[PDB]
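Written out below as structure tokens is the structure these notes cover.
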There are 2 protein chains.
Amino acid sequence: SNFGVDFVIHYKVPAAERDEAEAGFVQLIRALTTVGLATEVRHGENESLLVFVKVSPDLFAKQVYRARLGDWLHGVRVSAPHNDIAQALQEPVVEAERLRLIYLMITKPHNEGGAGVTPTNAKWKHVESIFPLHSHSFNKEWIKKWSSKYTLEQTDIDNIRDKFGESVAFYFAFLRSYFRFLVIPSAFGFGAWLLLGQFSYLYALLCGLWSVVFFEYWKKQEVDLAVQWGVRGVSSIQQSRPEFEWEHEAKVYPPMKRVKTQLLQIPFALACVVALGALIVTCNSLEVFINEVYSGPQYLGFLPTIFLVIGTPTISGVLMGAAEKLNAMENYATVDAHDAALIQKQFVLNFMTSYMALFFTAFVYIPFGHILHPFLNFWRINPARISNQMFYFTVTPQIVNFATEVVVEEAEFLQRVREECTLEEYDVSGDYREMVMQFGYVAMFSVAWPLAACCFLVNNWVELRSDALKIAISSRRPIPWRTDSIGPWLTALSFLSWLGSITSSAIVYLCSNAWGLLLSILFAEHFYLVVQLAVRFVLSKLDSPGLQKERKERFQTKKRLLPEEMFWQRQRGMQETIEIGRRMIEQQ
Amino acid sequence: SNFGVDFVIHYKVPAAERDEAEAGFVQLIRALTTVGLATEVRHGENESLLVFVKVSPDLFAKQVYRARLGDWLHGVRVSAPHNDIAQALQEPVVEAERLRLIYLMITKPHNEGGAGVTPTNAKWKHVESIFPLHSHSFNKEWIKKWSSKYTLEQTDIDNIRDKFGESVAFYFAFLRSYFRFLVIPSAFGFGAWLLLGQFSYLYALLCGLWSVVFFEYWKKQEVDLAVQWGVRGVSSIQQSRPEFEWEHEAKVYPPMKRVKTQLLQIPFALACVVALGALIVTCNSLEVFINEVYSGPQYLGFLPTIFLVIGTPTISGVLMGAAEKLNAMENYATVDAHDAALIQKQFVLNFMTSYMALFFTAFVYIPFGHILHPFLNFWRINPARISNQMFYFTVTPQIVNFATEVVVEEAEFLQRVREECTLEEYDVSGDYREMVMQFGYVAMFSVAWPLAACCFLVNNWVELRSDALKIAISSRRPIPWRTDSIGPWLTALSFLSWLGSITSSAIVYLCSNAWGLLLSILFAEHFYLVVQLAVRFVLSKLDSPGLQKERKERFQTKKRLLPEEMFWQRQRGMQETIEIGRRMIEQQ
């Protein structure tokens, strides 16, 4: 398969600006060779020069020793790093960390062990992408093995860690845990739909309890995996963004300027929410118009919603592009803060685009449906319709995806690399966002359509292999990054859960018929809070394997790290002391 | 003053059981001398034999070195412990830690550096108390200096730390911070009482915001003080209780037995709540009876409440004694868990005894006052009365305390020690509980009587010296214990704050006149939650001196701890690489 190539650099050279392009190429070559990297140059499609780079095991051993020293410094590696640059790796050299360290060597600034060739900030305006190569032998075996199973063991996630790093492995572990936890809502939602009719209050409590239990158990599993993979606490390592444009040095950026460009979110968010509300109001007005005076064969009534969801991927993509443009123009020093801000913006936009139609149907039309008269007479109150609407939503994605699916020398290695270079980087945040949106649907609107949980369970089982296929075939190999958790998405999940405990409950009051609505909302929220406290208390006192491992390591370290003068001169010893004590009690 | 005496042991010997009393005395002497402690024996009042104990600086240096090694092991001391048993203390040997280590030497089990002489568990059934001696020269100076000031600097709290250890210093720092923070509620409560009439909703929001801001800022100050005093993270050091009665060893106790004896709280709590509710209902029925058909001069109407509060210290003391008896009979291994359980029981009982009368007046009588007819016709609806009632409560304590106040050789050293031995150990949990009760009053019922905050501010200023006088004169010197926070009391405070944000708001709706009440309660609770989130976010991004110190220590530590073969053999160097690259772009 691969010829030992460890990284690939694109370095587009156009027909124009060739004179400085050659200088950039030679400078890149000296910068790469100074670090101690073996390099090769080959053709690429459309005037590109692919550069193949590997490591001299002594230099790599020294670099991994320095990296382990740095990890020990920040507390993410409690055990001793190693003896010396000698053979102490008999601590494996697994491909994920090797590729991450080689990428750091390639892209780190010249100040600290590297030669910065970042393709956006510095004069490296000609390099397009720096990516590792895919292992087809491993990829085909992984795809075949995952498709031949029904449940994935922890060893599969460990192999994903070993090959693609911490972020991809964490996403796959989260998806596996969420899919396994989706069985309970599927089972009891099928039970409620079979027996309890529709809009079951007990179903709302069960869904909220499942949501909080799953959230807390996933936090416990997250810390377990973080201490198992040796990446616990890596979030404290704040790495600077190369594209950070600073002003002075004491690098620093005026916080007031960042606040000023952050305030641009409010007009952007307001414009997006107003446009989306207008679109959804028009769509639902047309829906009630066709459901009022028209003929079907029934199913055609909710067709505007079907069209809205079929068109919503494009609107969501445009909004995500705008959010990314806004995030790029608003400077962030660390990459963690930039990623958190981008995740927050994308989560808000997707929250709007995916839930505002249901929110308008439930808490706007149902309580007072007499506000649609202007639109209704421009073209010219069912309580259960939301259920049907929710059903369409909860099936729209899966069904349309299915529809799409139905519609449908060393020259070979060089051609494979050239084909791979045209692919796009794998963005795990998109998959995280789609899973978070599905969880929000489950915790928010499953009361209307209790069967939604089974459909999402089937979709999750399909996605556990669909995303694997996307990574293996449809995407170039991502850079192995280290993270101790799924990031800020946890917060989003928590938020959804909390507000879910409101919305679903309110639905049960609104679609089954004021002071009663407020009582139901407050009782559901307080039940959610008390079960959150109870589950946190239960899991806190529960013994985790990571805690036992940490305690064993601490015990091993402990095993390895192991007047006044006249008053006091009366009875200077011990014999006189108890002699005088015996006579002393003898006096009484 | 003192003759170098560092600890005192009582060791009561009755007229009976003298034969084994002498054996216990001699065994205590050998156990104390084996550790390496100089001992003296003198008379005491009522057949007691006072034993005076000090340390041989080499043994004490070795013990403090071992203690610092243990502190380094658990992470509470990040810096290196010391070079060796040599003179590395030039790390002071301040009296608090010296006394704590000597007490550990006296009371630790023989397994790990000590000779267990605990006065309750083992055969040491004759020793009554082991306590250090008071420093009258320091005590009088401290009392005079604190009474001559208006505000206490951080240096006074540092001196309290140096003399009486972490717990007393933490309590005094908490009381100082709470008294300083009480200025804002006093000021704006006086403003509301002067201008906004009574039962001001804006006052409820201001009080809730102050409560959450004070709670979060006190958490920040707590971590600051914990890292300043070098006791950050000492809560993880779980020390076993000597009075723990175990069954097997693998020490272990059956958790089911502990759960069985813990279930006895439910009948105890129910009986206490029923009796207290009956007493308060009878008192308020008599109150409305005299306010209905009787003659005063007005002020005599609330006399039953005055009598109830004057009598409530005795009932509270009986309940605390019962709770302590229940806690003792229900085994706990660590002292932290035992203290937390005792604090929880005492907090629940005092919560009942101090708030249930106001709760019945506000949320029971006011909404429906037609349930008191049975009592009313046994003896035989004002909205603002609660305010008056609250006023009486908020002044009852201070006023009655004031009333009480108004009503009102080396033989000298031996007599001083004998007089001191008759005193009682200082229980900081009682002062913590009274401060927590006052804070609960402020956050809960200040809407009825906005002037309560000023009275509590004056009472806090008085108490900051009254508790100092109680410790200095009216109590024997407490053993210096280490704690990184005020303990579980924080949780109690948080709880009060949350429910305060309900109760006060409900009062504003109930005493100013349903769905509106529920709307007000939910809006107030959500406002409390959002301001909690905002304050947590603001303080999280704020820079603390402790974080800077930890980062500087980490930086100092870092400064101190500092086929494939044919494919890859084409251009083995750098010169050929850019030569072939130049010709390579020359080909196109």
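In the structure tokens, the first chain shown is A, the next is B, and so on; residue numbers restart at 1 for each chain, and ligands run from 1 in the order shown.
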Practice task
Pick out the residues sitting within 9 Å of stretch 23-31 of chain B, and hand them over as an MDAnalysis selection string; count only C-alpha atoms, and ignore anything fewer than 6 positions along from it in its own chain.
Solution key: (chainID A and resid 574 577:578 581:582) or (chainID B and resid 11 39 106 114:117 123:126)
Problem - Residues of chain B within 8 Å of chain A, counting only C-alpha atoms, as a ChimeraX atom specification - result: /B:3-4,22,25-26,29-30,33,38-41,47,73,410,514-516,518-519,522,554,558,563-564,567-568,571-574,577-578,580-582,584-585,588
Export of prior selection with N, CA and C atoms as a short mmCIF file (atom, residue, chain, number, x, y, z; two decimals), in the first residue's frame:
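Full text of again15.cif as output:
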```cif
data_model
loop_
_atom_site.label_atom_id
_atom_site.label_comp_id
_atom_site.auth_asym_id
_atom_site.auth_seq_id
_atom_site.Cartn_x
_atom_site.Cartn_y
_atom_site.Cartn_z
N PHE B 3 4.28 28.07 80.20
CA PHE B 3 5.60 27.54 80.53
C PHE B 3 6.13 26.62 79.44
N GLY B 4 5.79 26.90 78.18
CA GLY B 4 6.15 26.01 77.10
C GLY B 4 5.26 24.81 76.95
N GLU B 22 -4.69 3.36 87.67
CA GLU B 22 -3.24 3.49 87.74
C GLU B 22 -2.57 2.83 86.54
N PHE B 25 -2.96 5.09 83.64
CA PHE B 25 -2.03 6.22 83.75
C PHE B 25 -0.63 5.82 83.31
N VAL B 26 -0.13 4.68 83.82
CA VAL B 26 1.22 4.28 83.45
C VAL B 26 1.30 3.94 81.97
N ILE B 29 1.55 7.07 80.06
CA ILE B 29 2.89 7.65 80.17
C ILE B 29 3.87 6.96 79.23
N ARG B 30 3.86 5.62 79.19
CA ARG B 30 4.78 4.95 78.26
C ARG B 30 4.42 5.25 76.81
N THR B 33 5.70 8.74 76.06
CA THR B 33 7.16 8.83 76.04
C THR B 33 7.77 8.08 74.86
N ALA B 38 7.93 15.17 76.14
CA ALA B 38 8.20 15.48 77.54
C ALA B 38 6.89 15.71 78.28
N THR B 39 6.74 15.07 79.44
CA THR B 39 5.49 15.05 80.18
C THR B 39 5.71 15.47 81.63
N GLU B 40 4.69 16.09 82.21
CA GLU B 40 4.65 16.48 83.62
C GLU B 40 3.25 16.21 84.16
N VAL B 41 3.16 15.97 85.47
CA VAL B 41 1.89 15.64 86.12
C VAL B 41 1.65 16.61 87.27
N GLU B 47 -10.31 15.40 91.67
CA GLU B 47 -9.65 14.10 91.52
C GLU B 47 -9.06 13.86 90.12
N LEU B 73 2.28 14.40 48.78
CA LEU B 73 1.76 13.20 48.13
C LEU B 73 0.34 13.42 47.62
N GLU B 410 4.36 28.11 90.91
CA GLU B 410 3.61 28.30 89.67
C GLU B 410 2.14 28.01 89.90
N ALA B 514 -53.56 30.84 41.80
CA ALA B 514 -53.80 31.61 40.59
C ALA B 514 -52.65 31.47 39.60
N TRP B 515 -52.91 31.82 38.34
CA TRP B 515 -51.91 31.73 37.29
C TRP B 515 -50.83 32.80 37.43
N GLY B 516 -51.19 33.97 37.96
CA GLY B 516 -50.20 35.01 38.18
C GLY B 516 -49.14 34.64 39.19
N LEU B 518 -48.06 31.57 39.86
CA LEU B 518 -47.16 30.62 39.21
C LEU B 518 -46.24 31.33 38.22
N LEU B 519 -46.78 32.29 37.46
CA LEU B 519 -45.94 33.04 36.54
C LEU B 519 -44.84 33.80 37.28
N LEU B 522 -42.17 31.23 38.60
CA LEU B 522 -41.33 30.72 37.52
C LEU B 522 -40.41 31.80 36.96
N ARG B 554 4.01 26.50 38.25
CA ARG B 554 4.17 25.56 37.14
C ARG B 554 5.30 25.97 36.21
N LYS B 558 8.69 23.94 35.41
CA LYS B 558 9.15 23.68 34.05
C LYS B 558 10.59 24.14 33.86
N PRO B 563 10.14 -1.02 -4.80
CA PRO B 563 9.22 -0.85 -3.67
C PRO B 563 9.41 0.49 -2.96
N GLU B 564 9.19 0.50 -1.64
CA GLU B 564 9.35 1.73 -0.87
C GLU B 564 10.80 2.20 -0.86
N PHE B 567 11.60 3.74 -4.13
CA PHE B 567 10.85 4.99 -4.26
C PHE B 567 11.49 6.11 -3.45
N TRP B 568 12.07 5.78 -2.30
CA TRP B 568 12.60 6.79 -1.40
C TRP B 568 14.08 7.08 -1.59
N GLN B 571 15.75 10.87 -4.66
CA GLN B 571 16.38 12.12 -4.23
C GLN B 571 16.62 12.01 -2.73
N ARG B 572 17.78 11.45 -2.37
CA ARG B 572 18.09 11.15 -0.98
C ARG B 572 18.49 12.39 -0.18
N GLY B 573 18.85 13.49 -0.85
CA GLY B 573 19.27 14.70 -0.18
C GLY B 573 18.34 15.87 -0.44
N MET B 574 18.88 17.07 -0.22
CA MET B 574 18.15 18.32 -0.39
C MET B 574 18.48 19.03 -1.70
N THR B 577 16.75 17.51 -4.43
CA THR B 577 15.32 17.71 -4.26
C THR B 577 14.85 19.01 -4.91
N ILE B 578 15.49 20.14 -4.60
CA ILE B 578 15.02 21.37 -5.23
C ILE B 578 15.52 21.50 -6.66
N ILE B 580 15.40 18.93 -8.79
CA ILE B 580 14.36 18.22 -9.52
C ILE B 580 13.05 18.98 -9.42
N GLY B 581 12.83 19.72 -8.33
CA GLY B 581 11.65 20.57 -8.24
C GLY B 581 11.66 21.71 -9.25
N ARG B 582 12.82 22.35 -9.43
CA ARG B 582 12.94 23.39 -10.45
C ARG B 582 12.69 22.83 -11.84
N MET B 584 11.07 20.33 -12.44
CA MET B 584 9.76 19.70 -12.32
C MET B 584 8.65 20.69 -12.64
N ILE B 585 8.76 21.91 -12.11
CA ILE B 585 7.89 22.99 -12.54
C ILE B 585 8.26 23.49 -13.93
N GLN B 588 6.24 22.10 -16.84
CA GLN B 588 4.96 22.73 -17.13
C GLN B 588 5.03 24.23 -16.89
#
```
Problem - Secondary structure check, alpha helix (DSSP H) residues of stretch 272-439 of chain B, as a PyMOL selection string - result: chain B and resi 272-292+303-329+335-360+373-379+385-407+411-421+428-439
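The interatomic distance for the pair atom CA of residue A:278 and atom CA of residue A:430 works out to 26.3 Å.
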Practice task
Pick out the residues sitting within 12 Å of stretch 543-545 of chain B, and hand them over as an MDAnalysis selection string; count only C-alpha atoms, and ignore anything fewer than 3 positions along from it in its own chain.
Solution key: chainID B and resid 217 219:228 538:540 548:552
Pull N, CA and C atoms from the residues just selected and write them as a PDB file, in the first residue's frame.
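Output below, filename part08.pdb:
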```pdb
ATOM      1  N   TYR B 217     -18.968  34.937  44.686  1.00  0.00           N
ATOM      2  CA  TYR B 217     -17.759  35.633  45.107  1.00  0.00           C
ATOM      3  C   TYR B 217     -17.153  34.994  46.346  1.00  0.00           C
ATOM      4  N   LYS B 219     -17.306  31.744  46.940  1.00  0.00           N
ATOM      5  CA  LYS B 219     -16.600  30.575  46.421  1.00  0.00           C
ATOM      6  C   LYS B 219     -15.231  30.964  45.864  1.00  0.00           C
ATOM      7  N   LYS B 220     -15.175  32.074  45.121  1.00  0.00           N
ATOM      8  CA  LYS B 220     -13.896  32.546  44.592  1.00  0.00           C
ATOM      9  C   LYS B 220     -12.930  32.912  45.717  1.00  0.00           C
ATOM     10  N   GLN B 221     -13.414  33.637  46.727  1.00  0.00           N
ATOM     11  CA  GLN B 221     -12.586  33.970  47.880  1.00  0.00           C
ATOM     12  C   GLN B 221     -12.153  32.731  48.648  1.00  0.00           C
ATOM     13  N   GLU B 222     -13.000  31.703  48.693  1.00  0.00           N
ATOM     14  CA  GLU B 222     -12.649  30.459  49.363  1.00  0.00           C
ATOM     15  C   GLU B 222     -11.487  29.774  48.666  1.00  0.00           C
ATOM     16  N   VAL B 223     -11.546  29.671  47.336  1.00  0.00           N
ATOM     17  CA  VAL B 223     -10.423  29.045  46.639  1.00  0.00           C
ATOM     18  C   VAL B 223      -9.172  29.913  46.759  1.00  0.00           C
ATOM     19  N   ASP B 224      -9.333  31.241  46.752  1.00  0.00           N
ATOM     20  CA  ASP B 224      -8.188  32.136  46.911  1.00  0.00           C
ATOM     21  C   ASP B 224      -7.519  31.897  48.262  1.00  0.00           C
ATOM     22  N   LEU B 225      -8.311  31.848  49.336  1.00  0.00           N
ATOM     23  CA  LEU B 225      -7.754  31.618  50.664  1.00  0.00           C
ATOM     24  C   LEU B 225      -7.173  30.216  50.800  1.00  0.00           C
ATOM     25  N   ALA B 226      -7.799  29.220  50.168  1.00  0.00           N
ATOM     26  CA  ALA B 226      -7.287  27.857  50.239  1.00  0.00           C
ATOM     27  C   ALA B 226      -5.911  27.749  49.598  1.00  0.00           C
ATOM     28  N   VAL B 227      -5.717  28.383  48.439  1.00  0.00           N
ATOM     29  CA  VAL B 227      -4.388  28.366  47.832  1.00  0.00           C
ATOM     30  C   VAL B 227      -3.425  29.331  48.517  1.00  0.00           C
ATOM     31  N   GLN B 228      -3.932  30.334  49.238  1.00  0.00           N
ATOM     32  CA  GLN B 228      -3.050  31.255  49.946  1.00  0.00           C
ATOM     33  C   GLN B 228      -2.487  30.629  51.216  1.00  0.00           C
ATOM     34  N   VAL B 538     -18.919  35.263  34.399  1.00  0.00           N
ATOM     35  CA  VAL B 538     -18.102  36.454  34.622  1.00  0.00           C
ATOM     36  C   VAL B 538     -16.916  36.130  35.524  1.00  0.00           C
ATOM     37  N   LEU B 539     -17.162  35.396  36.613  1.00  0.00           N
ATOM     38  CA  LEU B 539     -16.083  35.082  37.543  1.00  0.00           C
ATOM     39  C   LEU B 539     -15.127  34.041  36.977  1.00  0.00           C
ATOM     40  N   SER B 540     -15.619  33.142  36.120  1.00  0.00           N
ATOM     41  CA  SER B 540     -14.752  32.121  35.540  1.00  0.00           C
ATOM     42  C   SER B 540     -13.671  32.730  34.658  1.00  0.00           C
ATOM     43  N   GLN B 548      -2.773  32.829  39.148  1.00  0.00           N
ATOM     44  CA  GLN B 548      -1.475  33.368  38.749  1.00  0.00           C
ATOM     45  C   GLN B 548      -0.343  32.730  39.545  1.00  0.00           C
ATOM     46  N   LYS B 549      -0.542  32.534  40.851  1.00  0.00           N
ATOM     47  CA  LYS B 549       0.481  31.882  41.664  1.00  0.00           C
ATOM     48  C   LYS B 549       0.714  30.444  41.210  1.00  0.00           C
ATOM     49  N   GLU B 550      -0.364  29.714  40.912  1.00  0.00           N
ATOM     50  CA  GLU B 550      -0.221  28.342  40.435  1.00  0.00           C
ATOM     51  C   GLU B 550       0.493  28.293  39.090  1.00  0.00           C
ATOM     52  N   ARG B 551       0.164  29.220  38.187  1.00  0.00           N
ATOM     53  CA  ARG B 551       0.845  29.269  36.897  1.00  0.00           C
ATOM     54  C   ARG B 551       2.321  29.616  37.053  1.00  0.00           C
ATOM     55  N   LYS B 552       2.648  30.541  37.958  1.00  0.00           N
ATOM     56  CA  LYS B 552       4.048  30.864  38.216  1.00  0.00           C
ATOM     57  C   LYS B 552       4.794  29.664  38.786  1.00  0.00           C
TER      58      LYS B 552
END
```
Exercise for the section: Name all residues at most 10 Å from stretch 229-246 of chain B (count only C-alpha atoms; drop same-chain ones fewer than 4 positions away) and give them as a ChimeraX atom specification. Expected result: /B:70-71,74-78,107-109,116-122,158,161-162,165-166,222-225,251-254,328-338,482-485,487
Could you please write out, as a short mmCIF file (atom, residue, chain, number, x, y, z; two decimals) with C-alpha atoms, in the first residue's frame, every residue of stretch 176-360 of chain B that DSSP assigns to strand (DSSP E or B)?
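So result_31.cif came out as:
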```
data_model
loop_
_atom_site.label_atom_id
_atom_site.label_comp_id
_atom_site.auth_asym_id
_atom_site.auth_seq_id
_atom_site.Cartn_x
_atom_site.Cartn_y
_atom_site.Cartn_z
CA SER B 240 -10.68 7.78 59.79
CA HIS B 248 -14.66 -7.22 59.45
CA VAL B 252 -15.33 -2.36 56.91
CA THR B 334 -14.24 9.18 57.80
#
```
Leaving out residue B:420 and any residue of its chain fewer than 5 positions from it, which residues lie within 12 Å of it when counting only C-alpha atoms, given as a compact mmCIF listing (two decimals) with N, CA, C and O atoms, in the first residue's frame?
```
# COMPACT_ATOMS: atom_id res chain seq x y z
N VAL B 8 -2.45 19.50 76.96
CA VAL B 8 -2.91 19.16 78.30
C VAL B 8 -3.88 18.00 78.21
O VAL B 8 -4.77 17.99 77.35
N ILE B 9 -3.71 17.01 79.09
CA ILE B 9 -4.56 15.83 79.15
C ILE B 9 -5.20 15.78 80.54
O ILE B 9 -4.51 15.97 81.55
N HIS B 10 -6.51 15.53 80.58
CA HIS B 10 -7.25 15.60 81.84
C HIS B 10 -7.09 14.33 82.66
O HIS B 10 -6.61 14.37 83.80
N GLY B 44 -5.43 18.53 89.65
CA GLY B 44 -6.54 19.21 89.03
C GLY B 44 -7.75 19.12 89.93
O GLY B 44 -7.83 18.26 90.80
N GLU B 45 -8.70 20.03 89.72
CA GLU B 45 -9.91 20.04 90.53
C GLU B 45 -10.68 18.75 90.34
O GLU B 45 -10.78 18.22 89.23
N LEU B 50 -3.80 16.49 85.80
CA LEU B 50 -3.47 17.16 84.55
C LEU B 50 -2.07 16.76 84.10
O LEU B 50 -1.12 16.78 84.89
N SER B 129 -10.22 15.06 78.10
CA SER B 129 -10.00 15.96 76.98
C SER B 129 -8.51 16.17 76.77
O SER B 129 -7.73 16.16 77.73
N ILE B 130 -8.13 16.35 75.51
CA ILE B 130 -6.77 16.71 75.13
C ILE B 130 -6.86 18.04 74.39
O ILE B 130 -7.40 18.10 73.28
N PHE B 131 -6.34 19.10 75.00
CA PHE B 131 -6.49 20.45 74.46
C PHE B 131 -5.22 21.26 74.63
O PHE B 131 -4.45 21.03 75.58
N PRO B 132 -4.96 22.21 73.74
CA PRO B 132 -3.86 23.15 73.95
C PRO B 132 -4.28 24.28 74.89
O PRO B 132 -5.45 24.43 75.25
N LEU B 133 -3.29 25.07 75.29
CA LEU B 133 -3.54 26.17 76.21
C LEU B 133 -3.70 27.49 75.45
O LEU B 133 -3.15 27.70 74.37
N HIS B 134 -4.48 28.39 76.05
CA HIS B 134 -4.73 29.70 75.49
C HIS B 134 -3.56 30.64 75.78
O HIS B 134 -2.89 30.54 76.82
N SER B 135 -3.31 31.55 74.84
CA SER B 135 -2.28 32.58 74.98
C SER B 135 -2.98 33.86 75.40
O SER B 135 -3.52 34.59 74.56
N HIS B 136 -2.98 34.14 76.71
CA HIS B 136 -3.67 35.32 77.22
C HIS B 136 -3.08 36.61 76.68
O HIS B 136 -3.83 37.55 76.38
N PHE B 413 -0.46 29.64 87.28
CA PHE B 413 -0.57 28.91 86.02
C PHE B 413 -1.39 27.64 86.18
O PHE B 413 -2.23 27.32 85.33
N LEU B 414 -1.16 26.90 87.27
CA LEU B 414 -1.92 25.68 87.51
C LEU B 414 -3.40 25.99 87.71
O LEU B 414 -4.27 25.27 87.19
N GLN B 415 -3.72 27.05 88.45
CA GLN B 415 -5.11 27.45 88.62
C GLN B 415 -5.74 27.87 87.30
O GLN B 415 -6.91 27.56 87.05
N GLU B 425 -15.24 22.64 74.44
CA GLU B 425 -14.60 22.79 73.14
C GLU B 425 -15.39 23.75 72.26
O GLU B 425 -16.63 23.76 72.29
N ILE B 471 -14.43 32.69 71.91
CA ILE B 471 -13.28 31.81 71.72
C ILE B 471 -12.19 32.13 72.73
O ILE B 471 -11.59 31.22 73.32
N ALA B 472 -11.92 33.42 72.96
CA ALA B 472 -10.80 33.80 73.81
C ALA B 472 -11.05 33.47 75.28
O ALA B 472 -10.20 32.89 75.95
N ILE B 473 -12.22 33.84 75.79
CA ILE B 473 -12.51 33.74 77.22
C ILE B 473 -13.42 32.56 77.54
O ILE B 473 -13.12 31.77 78.43
N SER B 474 -14.53 32.43 76.82
CA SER B 474 -15.60 31.51 77.20
C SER B 474 -15.42 30.10 76.65
O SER B 474 -16.27 29.25 76.88
N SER B 475 -14.33 29.84 75.93
CA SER B 475 -14.11 28.52 75.36
C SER B 475 -12.64 28.16 75.43
O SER B 475 -11.77 29.03 75.33
N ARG B 476 -12.36 26.87 75.59
CA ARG B 476 -11.00 26.38 75.54
C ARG B 476 -10.50 26.36 74.10
O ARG B 476 -11.28 26.31 73.14
N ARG B 477 -9.18 26.41 73.95
CA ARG B 477 -8.58 26.56 72.63
C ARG B 477 -8.90 25.35 71.76
O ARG B 477 -8.63 24.22 72.16
N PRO B 478 -9.47 25.56 70.57
CA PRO B 478 -9.79 24.42 69.70
C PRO B 478 -8.54 23.82 69.08
O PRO B 478 -7.51 24.48 68.92
```
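Put simply, atom CA of residue B:208 is 5.7 Å away from atom CA of residue B:501.
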Problem - Non-local contacts of stretch 190-203 of chain A (10 Å; only C-alpha atoms; under 2 positions in same chain excluded) as a VMD selection string - result: chain A and resid 184 to 188 205 to 209 384 387 446 to 454 504 to 512 520 524
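Rounded to one decimal, atom CA of residue A:210 and atom CA of residue B:526 lie 23.3 Å from each other.
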Problem - Contacts of residue B:428 within 8 Å, only C-alpha atoms, excl. fewer than 4 positions in-chain, as a VMD selection string - result: chain B and resid 167 to 168 171 432
Export, as an mmCIF file, in the first residue's frame, the selected residues with N, CA and C atoms.
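Result file part-v3.cif:
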```
data_model
loop_
_atom_site.group_PDB
_atom_site.id
_atom_site.type_symbol
_atom_site.label_atom_id
_atom_site.label_comp_id
_atom_site.auth_asym_id
_atom_site.auth_seq_id
_atom_site.Cartn_x
_atom_site.Cartn_y
_atom_site.Cartn_z
ATOM 1 N N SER B 167 -9.858 26.118 60.340
ATOM 2 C CA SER B 167 -11.312 26.162 60.476
ATOM 3 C C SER B 167 -11.783 27.488 61.062
ATOM 4 N N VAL B 168 -11.161 27.928 62.157
ATOM 5 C CA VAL B 168 -11.559 29.182 62.791
ATOM 6 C C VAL B 168 -11.287 30.358 61.862
ATOM 7 N N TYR B 171 -13.920 30.404 59.153
ATOM 8 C CA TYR B 171 -15.184 30.931 59.657
ATOM 9 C C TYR B 171 -15.137 32.445 59.794
ATOM 10 N N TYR B 432 -21.376 28.671 62.266
ATOM 11 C CA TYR B 432 -21.707 28.524 60.853
ATOM 12 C C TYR B 432 -23.210 28.388 60.654
#
```
Handout entry: Nearest residue to residue B:288 from the set B:265, B:151, B:327, B:382 (distances using only C-alpha atoms)
Key = B:382
